[PDB]
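If you want the building blocks of each chain, they are given just below.
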Amino acid sequence: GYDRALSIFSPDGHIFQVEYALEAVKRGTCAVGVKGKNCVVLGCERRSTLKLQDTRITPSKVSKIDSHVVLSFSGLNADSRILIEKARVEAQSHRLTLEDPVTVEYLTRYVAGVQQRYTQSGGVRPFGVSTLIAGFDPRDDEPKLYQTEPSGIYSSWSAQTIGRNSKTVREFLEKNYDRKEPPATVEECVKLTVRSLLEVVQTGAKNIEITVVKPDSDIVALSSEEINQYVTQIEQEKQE
Amino acid sequence: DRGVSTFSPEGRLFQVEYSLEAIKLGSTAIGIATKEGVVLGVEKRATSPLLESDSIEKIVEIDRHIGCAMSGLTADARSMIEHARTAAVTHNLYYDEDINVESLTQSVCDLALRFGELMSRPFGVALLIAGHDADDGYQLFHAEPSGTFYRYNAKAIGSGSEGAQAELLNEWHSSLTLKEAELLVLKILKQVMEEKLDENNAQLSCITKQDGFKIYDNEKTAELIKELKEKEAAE
Amino acid sequence: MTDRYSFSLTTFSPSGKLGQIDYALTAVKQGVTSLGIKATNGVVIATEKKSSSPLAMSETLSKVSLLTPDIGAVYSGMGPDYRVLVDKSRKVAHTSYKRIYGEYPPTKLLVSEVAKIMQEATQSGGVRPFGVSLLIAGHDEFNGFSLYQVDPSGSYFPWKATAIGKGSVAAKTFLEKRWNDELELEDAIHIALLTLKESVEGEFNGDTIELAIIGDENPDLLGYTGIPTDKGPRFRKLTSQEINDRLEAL
Amino acid sequence: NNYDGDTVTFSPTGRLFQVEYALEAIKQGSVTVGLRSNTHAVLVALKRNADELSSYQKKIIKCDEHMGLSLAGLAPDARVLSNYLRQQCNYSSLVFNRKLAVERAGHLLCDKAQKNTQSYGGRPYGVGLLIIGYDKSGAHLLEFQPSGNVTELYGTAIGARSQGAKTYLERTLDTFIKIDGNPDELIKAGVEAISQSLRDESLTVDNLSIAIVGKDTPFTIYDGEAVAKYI
Amino acid sequence: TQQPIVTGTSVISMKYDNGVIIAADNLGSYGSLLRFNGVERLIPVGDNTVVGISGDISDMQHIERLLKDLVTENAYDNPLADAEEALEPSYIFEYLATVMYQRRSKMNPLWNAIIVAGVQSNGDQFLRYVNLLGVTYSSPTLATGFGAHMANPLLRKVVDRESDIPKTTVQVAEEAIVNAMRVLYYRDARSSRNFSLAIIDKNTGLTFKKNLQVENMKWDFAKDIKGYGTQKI
Amino acid sequence: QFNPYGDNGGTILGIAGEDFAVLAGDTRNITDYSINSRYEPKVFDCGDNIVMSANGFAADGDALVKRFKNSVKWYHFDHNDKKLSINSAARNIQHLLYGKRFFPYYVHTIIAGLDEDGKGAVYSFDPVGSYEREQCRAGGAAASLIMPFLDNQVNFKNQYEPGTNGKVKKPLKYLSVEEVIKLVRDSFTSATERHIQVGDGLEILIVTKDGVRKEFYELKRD
Amino acid sequence: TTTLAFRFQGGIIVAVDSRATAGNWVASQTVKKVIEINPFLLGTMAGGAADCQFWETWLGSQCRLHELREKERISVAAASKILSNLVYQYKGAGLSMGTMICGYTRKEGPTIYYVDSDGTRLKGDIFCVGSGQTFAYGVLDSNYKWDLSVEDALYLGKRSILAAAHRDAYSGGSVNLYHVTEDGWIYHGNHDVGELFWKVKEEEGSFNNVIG
Amino acid sequence: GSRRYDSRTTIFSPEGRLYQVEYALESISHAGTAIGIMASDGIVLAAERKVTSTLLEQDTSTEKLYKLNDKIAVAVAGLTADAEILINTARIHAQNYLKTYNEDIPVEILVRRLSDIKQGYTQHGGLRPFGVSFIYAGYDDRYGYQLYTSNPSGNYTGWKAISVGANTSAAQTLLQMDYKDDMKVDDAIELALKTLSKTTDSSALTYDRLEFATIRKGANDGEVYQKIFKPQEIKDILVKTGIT
Ligand SMILES: [Mg+2]
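Positions are assigned from 1 on a per-chain basis following the written sequence, which can diverge from the numbering of the entry; residues without coordinates are not listed. The naming scheme follows written order: chains are lettered A onward, ligands numbered 1 onward. Each value given relates to the chains shown, not to the larger assembly they are part of. To obtain the side-chain values, all non-hydrogen atoms of the structure were used and water was disregarded.

Looking at the entry header, you'll see X-ray crystallography listed as the method and 2.70 Å as the resolution.

Right, here's the structure in full:
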């Protein structure tokens, strides 16, 4: 079998294949995650270079791993499917053996472990994908939001963004997100998430996707018109 | 290109030497061994204020009598910790006893040189392994990606290590109390950290014979930081 | 030891070219000319027996090979590569078809199997592509007579008539002027001999030319009588004398 | 130069550079001495610390009741090779009820190191070993190089500044070979030998490591206050 | 799992003051058919050891080839192969005992019972038994098969415990062994008159005696035995 | 059909005292009605002040003792010459035995020594590795003849104080090493009389803080 | 053998006998049939002694690894399933087990799982396993209430084993009692059946069929 | 040893691109154009054969349009031999699904499976990727008529109208101009042929240079029919739409 060590150290102590995988993430469409007091919202950018697209059937950017946990990503689309499939299989395996669904931290720790493994295994390249994993632990009402990256490190975030122009939207979130008082309602959380994407997106038309996850497996994706109403209200307050 | 297991003209393995450079870029970790216990402390170093810092886990329990702190590419440490935990539990299963701290460390270091064309590269992380056993008392080890481990009375690893080690050279003596060691780790972490040290960007832990391995609460560490500030202002 | 070449030796270059396949096609271009023509009641394939030495017995080197009783093959390019491909093609006709369905494969499907083997030498680890282009002629009950070309890449195309190798460009032009959909087999053989004469320098006779047909069933070549449904092979290699007889009416 | 990328490549003058680079790792290592009489065999090793807070790296490893070695170079490689010796000593005892001859132990180490010098993907061992033992033909001392070369000697030294100790033993040859039935005097000669390789530093109580095996003496290692008697 | 086909019967042995003695007959049986009459079942290894084998002959020939290979292998890179590093009786036994137990553990045994007799480097007598199950034991006298039931009782009258060994000369020991072989010929239906005997002494070395015969047999009393009860003629 | 198992007879006995422990066994080895050896040692010093015996099928017994002795050697190599405690040895032997759960060592194993408080200790195993610390344990052929006697004379079972008539038990007073050896000798003398596989000799290994001592006594040879 | 375990208001009572037999021969009267998996989990021994000992101390190791990895006490559901999934892999090979895995956690409360060597895994309130199981069930079924006190529940378990020890030839020796709380199990002593029988006979007035 | 000759087909560039994937896409841009258009009452697949000959046997020839099952077909752009490897794998996957669940495989599930196979060759194994882009035309009872594309990276997307191969930039602009949502199959047939006629590198678009296929519910009552057009039928539809 093909055994070649593709991920190796350089004289300055860097692993370039892992670092170049981060550059693939930088190219991907922007993704953002914001947790409120009783919810988490995942926002995603859709590049409008592709029209004549069939939006019914085209792969959506946010994926359910289980009924209570979701995963979004920035980077190579094909690579993300492999991580999503593995995560979905592990979620069902955990239910089968422990008789309890995965915690958000556990699912994150698993996906991050897979990513790390692909950085010191022979014959493979790292995943060109960073993920945002969000949801609620079983029988718990505390919101959870984690991030993973090609190296395999992971951590929890009050709010975070990944992908192209994520430096800009993180700037916005760092001055607009207060830890002592997070977005108290679904409305406030969705509004702050749409606002953060409008710093980067272009037209607020079919370019913004929003998914809301609440406790006890309550997950719903907002439609074009519902998001369009947030887009309308934000700019009418801005004209002042 | 060139082999992953190649020797340099000086008789050193290229990949091992390069991984040591990655460890120099890592966040600082310090350990101090006393006759009353061993203390372990780390710099958390969050990349952004929106990152919830209590999810940064750079101090980890291996068993009740053994703890561990890391510095470098911390993702690489996960399989090392997994192996260490498995080795500690497996030995207890086979021998109905606690495993010696040295024996645990040796088991972890056996993984290090298992790379080639096994894993594709060495680990990019260094570990401070602290613990207690009946035969050799309180112990602190430094496990490297070369497969070598040294025992230490005190040791610092990461980006601020050589400045910290010089400080540990002057401060350590064989009569240190546990309380004195706690303040000493905090003092030296504060010295080498970029940001100002508080209970949210630094973490303390210890291992004693009585209570075993414990990670300190942010409230407990905050008090020790206040105690440090006052005694430095006392002269 | 162990084969430690588990990686591809054929890769895409910045311009999108697969270098090793292009270079394999160049090796085919240097090869001796071979051709094929399809008639209403048969198919003919032909090539020159370029003898490496006059001390060599060129009858012992077969450029035109029987694959099945109703399918034959000829090549241009590297001879040794062709020989092993004929071995593999003969075996795969049995293992992946005759041992399953109890009959020989139709021309198009055997061609498909040979093509697959040639494609894999273009992607698998530690190997180079085959340096040959094949012309495969055959007959089967439901598709009738057919003629196919297979290239180093694994690509294959059906032809009414074609040529490969050294003087293929000139030969294909010659065939375009002479071919029609009303040709009888004897007319196609006549045209094949006319076409092949242009690319041959030295001697042009039954001993220097190798020619075979896919035509009527030959009960005389079956080897046994008693089964009405078995009527014999449609592949027949023409003798040295049979070629010379048609060179007088040339 | 162009011929040092791997162990599978000879140079135009017939050299194997990867093996020579592995030999260089031994020269960087701390000094260790080996010597023997007709009744006993002794190892003396200067242990190296990282700093004043650190311990002194152990240099001597026991392989059986009648055999053991001292190391200089990559310590993990010594662990791999000493583990292999422990297994081979053990196989000999379990299967044949026989203590493994020191000479045969050298042959096994040679062959194990050789396989890593002729194949692609691998690397040579980066450590040198001094094996002492007492078997059916008396006391023995061996020197192992990761090239595969194993040599039987009266005395020797490997590591940094080992040339000073090696010359001393070459002078004292006729004296120390005659030290029969006196373990303390044989160790004294070994401690005096390793002293010819010291600069700036001297032999302290946590610096010195001594091992001995003999006629009625199992392989035992002395460290700490047990070597103060010889300082 | 198999069944023995061509087989060899008893092997007998004992210790004496300066060494050990071992003996076995020269027959290879095929069931009740006394098929092969020139089979050597005592196999010397060097000048200090003799291995006596009973049971399956095909497996015996295999073991014989293993011992031959063992001598070859020991000599490789061994300057003291004929001195301090020569094969000891204890080395040869432990090797065989390892093989026998391994083979029974794979459910494919070497269908034999084996006695290793010899003298060690320090002059000590060596005598130990091993069989198809890997079972091992030592005793001043040892015997296999029928020998265990008939020879041991006779040999134990000479050396009953350890302290009887220094009091037993080589003449007294050989006499006892030869008598036991006669008794076995009287009473074992799978035995022959022809046998081999080997002495390993710490002073005089290995003495190997071939083509020995059972002699001084009592048969004359048979002439007076008539019928099975009441018959007089 | 080939039978991989056999029965070599023999009987063993382990008793734990206050600051000592004894492991005794007869020296006779047999198959069916024949004697293989009148003196074949069955109780072994395994190092680290631990004595062991694996009674039953002698091939499996020798194999197990050999592997445990080996385990003691490698414990020293792997864990800086640490003394293997009797409890740790016991757990290790369980894993050796259970490793062959589906093709078992056909033996009954007993080990003896001192625990980490210096008090006498005996451990007992079944063929597949289940084990228990015990005060008193006989194993092998004549185990059923010996254990009831020990229940009565070591643990004072069914014995009450005269005058009380069943109301007050006889108090469990501690026995000396001389007293235990008397009971061991009488146990084997009685077993020799009534069990055909028991006889020839008795070898006792005594374990104290000072080390391991041996005592040998003749038994009837019929 | 007789082993039982039942759920009640104050947690779980586990009670076992102490006898081991080889045919008619009583091998031991001092067998520990409650395996202390960890300070919070208990397992009972029935069927194969080795199979139960070995795999339930192994279970303790797996539970310890779980809480090191997840930083949380393992559930009784998860602990019992690790054991049942393991023995199911060996189904057909000849393992012999019948055990009750007993624990008390926050999310579950007092929980008992019966685990079997043919793969069975049953949650329940009262389980009784062994050669004397039917005798112990009788005393349990007729006296069991959820609102038993800790003192009365401990006695009920002790009395049920005594019933089995009396009638079943292969049960006896002594009774071992355990009380499982949320903060861990508590040992409630070893009780010789010989002395216990006479004590219970006099104090309770039961066993009038037996002369004392 | 062997490392010397390894091209390392599965590595990132400094910019975070996969060299071999990018170069394989360059190869595909020289292949004959294939177009797929989705309508309310069916799907059209049209594709251009590469510079042919008069002596090519067209009526038995197939290089562009392949049947995966009775409900799903593909248009190929790239190396034909590479495509046939993947096509046979896809045909097997469809039959595996039908055997397992006793229902025809949903279009997207088949597309995802083939796309995952392509992805693997970019992340592990050290082999060159498949130089193929597919247009999938299919029907199932969940989403109805569907159009997808996949490329050597293993990425796939859904479309109302799409082109692969040569001149996709020009073709996609022409489709984006004339496509409407309420369009019918007969209108889509005309759009596909008109688009090829304008983007072709040949002098004129004739029947012998085309492969054509429709997937219609124009099958008698609630069922779907695949129609791989014959040479004479392509000639007739060219006259009907007024191109020849
Ligand atoms: Mg008796």
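Observations concerning the overall build of chain G
For chain G, the count of helices and strands is 5 helices and 12 strands. For 212 residues, the compact-globule estimate of 2.2 N^0.38 gives 17 Å, and the C-alpha radius of gyration of chain G, at 17 Å, lies within 12% of that figure. The principal-axis extents of the C-alpha atoms in chain G amount to approximately 60 × 40 × 25 Å. Each residue is assigned to one of three classes by its accessible area relative to the maximum for its type, calculated with a 1.4 Å probe on protein chains only: buried under 20%, partly exposed between the two thresholds, exposed over 50%. A buried classification covers 56% of the 212 residues belonging to chain G. Only runs of H or I of at least four residues qualify as helices and only runs of E of at least two qualify as strands under DSSP, and these elements are numbered from the N terminus. The quantity called the radius of gyration is restricted to C-alpha atoms. Its globule counterpart is 2.2 Å times the number of residues to the power 0.38.

Here's the deal with the UniProt feature "active site" in chain G
All names here are of chain G. UniProt positions are given in the numbering used here, feature names are shortened, and annotations may be inferred rather than shown by experiment. As recorded in UniProt, the feature "active site" lies at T1. Its location among the elements puts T1 in the segment before β1 (2–8). It only takes one pair of heavy atoms within 4.5 Å for two residues to be counted as in contact. Not counting the four nearest positions on each side in its chain, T1 is found in contact with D17, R19, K33, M45, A46, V129, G130, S131, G132, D168, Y170 and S171.

Some details on a negative patch on the surface
Taken together, the side chains of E103(D), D111(D), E152(D) and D77(E) make up a negatively charged region of the molecular surface. Turning to its location among the elements, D77(E) is positioned in the loop between α1 (57–75) and α2 (89–105). In this analysis, a patch consists of residues with relative accessible area above 30% that form no salt bridge, clustered at 9 Å for like charges and at 5 Å for the nonpolar side chains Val, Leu, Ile, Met, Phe, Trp and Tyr. Residue-level accessible areas treat just the shown protein chains as cover; the underlying method is Shrake-Rupley with a 1.4 Å probe. A side-chain nitrogen of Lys or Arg and a carboxyl oxygen of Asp or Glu constitute a salt bridge if their distance falls within 4 Å. The convention is simple: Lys and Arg are positive, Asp and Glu are negative, and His and the chain ends are not counted. All charge positions are set by atom: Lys at NZ, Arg at CZ, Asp at CG, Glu at CD.

Here we look at the nonpolar core
Generally speaking, soluble globular proteins have nonpolar side chains that are buried together. Core analysis: the biggest nonpolar cluster contains 48 residues, and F68(F) and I111(F) have the highest contact counts within it. Ranked by residue count, the leading element in this core is helix α1 (residues 58–78) of chain F, at 7 residues. Setting aside anything within four residues of it in sequence, one finds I111(F) in contact with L23(F), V51(F), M52(F), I86(F), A89(F), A90(F), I93(F), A121(F), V122(F), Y123(F) and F125(F). Formed by 44 residues, the second largest nonpolar core is a distinct cluster that contains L128(B), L168(B), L178(B) and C206(B). To define a nonpolar core, start from buried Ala, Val, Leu, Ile, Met, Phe, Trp, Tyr and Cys residues and group those joined through side-chain atoms within 4.5 Å.

With respect to the interface of chain H and chain A
Often, the extent of an interface is quoted as the loss of accessible area upon association of its parts. Listed by partner, the interface residues are 39 residues for chain H and 31 residues for chain A. Throughout, the accessible surface (probe 1.4 Å) given up by two parts as they are put together, summed over both, is called the buried area. Overall, the association of chain H and chain A removes approximately 3000 Å² of surface from exposure, summing both partners, and the carbon and sulfur fraction of that is 55%. On the chain H side of the interface with chain A, the three residues burying the most area are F12(H), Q123(H) and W159(H), jointly 23% of the side's total. Residue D6(H) is joined to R4(A) by a salt bridge in which the shortest nitrogen-to-oxygen separation is 3.1 Å. A 3.5 Å cut-off defines polar contacts: any pair of N or O atoms within that distance qualifies, except that in protein one atom must be a possible hydrogen donor and the other a possible acceptor, and neighbouring residues in sequence count only when both atoms are side-chain atoms. Joining chain H to chain A, the criterion identifies 15 residue pairs in polar contact. Put simply, the parts of the chain that give the side of chain H that touches chain A at least two residues each are α3 (107–123), β6 (144–150), β7 (156–159) and α4 (168–178) of chain H. Considering every element that reaches the side of chain H that touches chain A, the biggest residue donor is α3(H), with 6 residues. Three residue categories are used. Nonpolar comprises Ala, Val, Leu, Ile, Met, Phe, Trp, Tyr, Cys and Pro, charged comprises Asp, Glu, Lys and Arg, and polar comprises the others, including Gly. Residues belonging to the side of chain H that touches chain A are distributed by class as follows: 13 nonpolar, 18 polar and 8 charged.

Re empty space enclosed by the protein
All names here are of chain F. Whether a set of points on the 1 Å grid over the protein atoms alone is a cavity depends on a 1.4 Å probe fitting there but being unable to get out, while an open set qualifies as a pocket with protein on both sides within 12 Å along at least five of seven lines; lining residues are those with an atom within 4 Å of a point. Grid points are joined across faces, edges and corners, and a volume is the space filled by probe spheres set on the points. Here the largest cavity is characterised by a volume of approximately 200 Å³. The wall of the largest cavity is formed by 16 residues, among which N29, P41, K42, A58 and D62 lie closest to the centre. Where the lining of the largest cavity is concerned, the elements lending two or more residues are β6 (51–56) and α1. It is α1 that provides the largest number of residues to the lining of the largest cavity, a total of 4 residues. Tallied by class, residues from the lining of the largest cavity come to 5 nonpolar, 7 polar and 4 charged.

Description of the coordination of the magnesium ion
Note on the magnesium ion: its protein donors are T192(F) (O) and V198(F) (O). The metal-donor distances range over 2.6 to 2.7 Å. Residue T192(F) is classed as buried on the basis of its relative accessible area, which comes to 8%. Coordination here is defined by N, O and S atoms within 2.8 Å of the metal (3.2 Å for Na, K and Ca), and since water is not considered, a site can look incomplete.

Comments concerning the packing of aromatic side chains
Aromatic rings from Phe, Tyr and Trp, taking only the six-membered ring of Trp, are treated as a pair when their centres fall within 6.5 Å; an angle between ring planes under 30 degrees marks them as stacked, one over 60 as edge-to-face, and anything in between as tilted. Per the stated rule, a full pass over the model turns up 45 aromatic pairs over all chains. Relative to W198(G), the ring of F197(G) lies with its centre 5.3 Å away and its plane at 80°, an arrangement referred to as edge-to-face. Clustering of aromatic rings is evident, with ring pairs tying together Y98(F), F102(F), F54(G), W55(G), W58(G) and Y90(G). Directly above the ring of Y104(C) sits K98(C), whose terminal nitrogen or CZ lies 5.1 Å from the centroid. Geometrically, a charge over a ring is one whose NZ (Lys) or CZ (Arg) sits within 6 Å of the ring centre while staying within 35 degrees of the ring normal.

Some details on the packing of helix α2 (residues 77–98) of chain A against helix α2 (residues 76–89) of chain G
Simply put, an axis is a line fit to the C-alpha atoms, just over the touching stretch for a helix, and the angle between two N-to-C directions goes from 0 to 180 degrees. Across the interface, α2(A) lies against α2(G) with an axial gap of 8 Å and an inter-helix angle of 95°. Relative to α2(G), α2(A) is oriented roughly perpendicular. Residues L96(A), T97(A) and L98(A) of α2(A) form the contact with α2(G), whose own contacting residues are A78(G), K81(G) and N85(G). Class assignment of the residues belonging to the contact of α2(A) with α2(G) gives a composition of 3 nonpolar, 2 polar and 1 charged. The cut-offs work like this: below 35 degrees is roughly parallel, past 145 is roughly antiparallel, 65 to 115 is roughly perpendicular, and the gaps in between are oblique.

Comments concerning the sheet that holds strand β8 (residues 161–164) of chain H
Residues and elements named next belong to chain H. Pairing between strands is defined by DSSP: at least two bridges between them are needed. One open sheet holds the 5 strands; their spatial order is β8-β1-β2-β9-β10, and the pairing between them is antiparallel. Only two strands of the sheet have a single partner each, and these edge strands are β8 and β10 (223–228). Strand-to-strand, the axes of this sheet are offset by a mean angle of 10°, without reference to chain direction. Here strand β1 (residues 34–39) pairs with strand β2 (residues 42–48) via 6 bridges, running antiparallel. Across the sheet, residue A34 finds its bridge partner in β2, namely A47. Its contacts with the sheet place α4 against β1 and β8, and it is angled at close to 165° to β8.

Some remarks on the UniProt feature "binding site: bortezomib" in chain G
Residue and element names in this part refer to chain G. The UniProt feature table records "binding site: bortezomib" at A49. Residue placement: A49 occurs in helix α1 (residues 49–70). With relative accessibility at 25%, the residue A49 sits in the partly exposed group.

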